[PDB]
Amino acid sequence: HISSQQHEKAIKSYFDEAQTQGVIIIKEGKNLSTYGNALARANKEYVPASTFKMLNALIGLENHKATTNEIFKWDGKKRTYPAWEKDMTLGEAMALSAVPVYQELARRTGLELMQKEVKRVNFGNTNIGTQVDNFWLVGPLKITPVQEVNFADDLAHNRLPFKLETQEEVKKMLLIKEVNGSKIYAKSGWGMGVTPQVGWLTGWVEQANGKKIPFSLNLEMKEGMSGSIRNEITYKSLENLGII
């Protein structure tokens, strides 16, 4: 019973209050809706940053480059965060957004195979260039927030060109929140090596009854904001629209 005018104002305000510029795109069935305080972001291109982990994992598992239970050893060298100085599964690495695990996986896959799986999946601008281990962080691979939500819609519905079983395994890695019988599956993205910095939270809500509502939040990370603003805004918006 809320006017759409009021949903629009309430969601814009969640971005206004964090003092950033951003958008969240929601997909109900085949219908895309854009909210936020910077609507024109919707079809601009940004690096996927760690959102790429979802595709990177799909590629690695499908092509037998790791298993769901394989433990990637920490090599013992100092890491940018101490939470990374441990051995982990791809799943654990997904939750921690541990890039060196995912770069290990990228190296196993190899530049050639990576390029072909990324052209095959039609992901973003599909260009990975010559560096197998940072293409999703500093370019040249770029994707828009529309493409990101459509990629989430595909994964959520198992429509990507990977075995059903590969898709279920990557989806088990993605559960970040349970809120009143709804489950939020998603991956965060933080473009730290680019100016300005991009922040993403891409996924879908799986409702009490099996409807799945894909979404993609996309904003600018400002000097010392924390990661969880991405989540917080996503959750405020989703609740505001009665999706969760």
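Throughout, we count residues from 1 along the sequence that is shown.
Judged by mean Cα B factor in the deposited record, 223-231 ranks above the other of 6-14 and 223-231. Per the PDB record, of the two stretches 91-99 and 78-86, 78-86 carries the greater mean B-factor over its C-alpha atoms. Note on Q207, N37, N56, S50: the highest value goes to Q207, judged by CA B factor as recorded.
Remark: of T195, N43, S188, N218, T195 shows the highest value [criterion: C-alpha B-factor in the PDB entry]. Sort the chain's modelled residues by C-alpha temperature factor and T144 lands in the lowest third, per the entry. Ranked by Cα temperature factor within the chain, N134 sits in the lowest third according to the deposited record. For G199, the recorded CA B-factor ranks within the lowest third of the chain. Only modelled residues enter the ranking.
Annotation for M173: C-alpha temperature factor in the middle third relative to the rest of the modelled chain, per the entry. When all modelled residues of the chain are sorted by CA temperature factor, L111 is found within the highest third.
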